[PDB]
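In structure tokens, one chain follows: the form deposited in one PDB entry.
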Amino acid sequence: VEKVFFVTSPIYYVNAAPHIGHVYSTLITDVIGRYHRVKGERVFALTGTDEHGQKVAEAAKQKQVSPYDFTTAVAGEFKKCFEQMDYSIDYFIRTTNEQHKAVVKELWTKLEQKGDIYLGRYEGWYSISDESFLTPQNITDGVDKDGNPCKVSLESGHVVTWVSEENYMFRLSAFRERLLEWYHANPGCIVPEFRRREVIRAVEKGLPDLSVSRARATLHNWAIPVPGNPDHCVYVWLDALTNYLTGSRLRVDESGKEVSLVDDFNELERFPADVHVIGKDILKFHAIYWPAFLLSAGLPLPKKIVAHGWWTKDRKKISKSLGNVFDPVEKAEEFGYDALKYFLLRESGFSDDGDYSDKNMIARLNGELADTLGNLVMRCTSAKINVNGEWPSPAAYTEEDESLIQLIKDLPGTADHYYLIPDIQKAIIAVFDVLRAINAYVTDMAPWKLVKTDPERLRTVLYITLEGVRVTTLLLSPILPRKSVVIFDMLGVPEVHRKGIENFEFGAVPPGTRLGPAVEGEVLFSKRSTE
């Protein structure tokens, strides 16, 4: 059943400037999208900003500007950040968009027509900073900005307050048994596994009904009115989660601006999302609430949710206020955009809370990118080794030759599964295992010596090296988008052979293909001094 592969990032609160967390989540989304495009699949990758609610409204009050002016400004900082990061996201959604608003009301009415929204009360704790309803078991003692005793979230450490409001309630309690059926019937639908187990454990215990509206004064009237009740606004989260549905229904022009909202999702063949990339902090919203609303509406459920961890720099939390910053653009200007991406995608898996340091960033840049991949690309394109500047015709293969070829033949299927879990770290590791293999082969065969000694043997060793580098580079292309293009140019791989499942096969580029021209003293990844 073929559709548009639909991958999303979270839409981010616009309370503050964009930082590593957001960049990371969108990078993960971008990579997944990029890979499926490399397979030759239709892709639609979505990211954006969550612009309503109390949090944002009150962040705009601190900075003493209107919410419309505040939100638009910070939204532009996000857009700029993502443009500077050189992503390939298809559309940037904002929850202030008028067409999104329409979809939110449409879904609301569905939930209501279905009998799953009633007038009740919520009386309990709330984290404004997480826009999250909490039970007493999930709060604890803490201190506020003033140094006074207050309550805080066990989840996030932010201040919680007690809310007692007549609210429209969604019947989440009625969806326990169907959510359980769902998790069980689709045991890869939440990644990694231990987070899937977390979600089941939680739903097993039982579900309370969820408040899906608030009194309008409380939100400083910065929200979407509940249909047929102007005294209420729609919960920022029901609003925010609906971005995914909205995005699936927006026809987008070449410039990347929304031009049309279709009545039915089947029209654009995107919904439901094949992968929702999220951080662990927002798992309940995506794994419990979201499916429940979809089941109520009679919409289809997403195929996979992947939830990753939080970053630290130098084993300490990132914060400008604490005296430890991590500026992606800054570190990307210092070491290179692809390199930085590689590091963030390699240093940590989705199970882990990764850690950045200049030390380890250099270790990987020098070690993996320069010595393993860079050195290899330069060797097989060297005028010293590749005397004719072309892909030679291989002679007969030795068993050692074939051992390496097998590794290259098998790499795509292995990488493919990893990109599909998704588990990008393990995909990258897969590829680099093969690059290390090729280097060992090259060191063994000493092709520099073969140029004088055995030219026929050189043709074979050199051909395998080039094809090894080609395949690995193709599979790395979603990770190193700019650098893969430089690599392919050096190898002289024709454009047509740079994507398509076809070109995962060993031997796609024919012998007699000419290398691209050599630039005066160029280097693919320059080694950086050890500090």
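Numbering starts at 1 and follows the sequence shown. Here, rigid core means the biggest group of C-alpha atoms that superpose within 1.5 Å across both forms.
Across the other PDB entries of this protein whose models span the neighbouring residues, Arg315 goes unmodelled in a third or more. The PDB entry reports B-factors from which the mean C-alpha value can be compared for 98-106 and 248-256; the larger average falls on 248-256. Mean C-alpha B-factor is higher over 448-456 than over the other stretch, the pair under comparison being 448-456 and 428-436. Of the candidates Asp401, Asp410, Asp274, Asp352, the one whose C-alpha carries the top B factor in the deposited record is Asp352. In the PDB entry, the Cα temperature factor peaks, among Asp239, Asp209, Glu123, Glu330, at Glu330. The entry lists a Cα temperature factor for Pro192 that places it in the lowest third of the chain's modelled residues. The PDB entry assigns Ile200 a C-alpha temperature factor belonging to the middle third of its chain's modelled residues. Among the modelled residues of its chain, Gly279 has a C-alpha B-factor that falls in the lowest third, as given in the PDB entry.
Among the modelled residues of its chain, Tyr35 has a C-alpha B-factor that falls in the lowest third according to the deposited record. When the modelled residues of the chain are ordered by C-alpha B-factor, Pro149 sits in the highest third.
Below, we refer to the form deposited in another entry, which is not included among the displayed structures.
Lining up the core between the shown form and the other one shows that one residue from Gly374, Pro302, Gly354, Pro394 moves its Cα 2 Å or more, and that residue is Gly354. Core-aligned CA deviation for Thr140 between the shown form and the other one: less than 2 Å.
With a cut-off of 2 Å and the rigid core superposed, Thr218 has a Cα displacement that falls short of the cut-off between the shown form and the other one. When two forms of a protein are overlaid on their rigid core, residues whose CA moves 2 Å or more are considered shifted, and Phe82 is not one of them between the shown form and the other one. Relative to this form, in the other entry the C-alpha atoms of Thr312 and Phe335 separate from one another by 3 angstroms or more. Relative to the shown form, the CA atoms of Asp353 and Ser127 are pushed 3 Å or more farther apart in the other entry.
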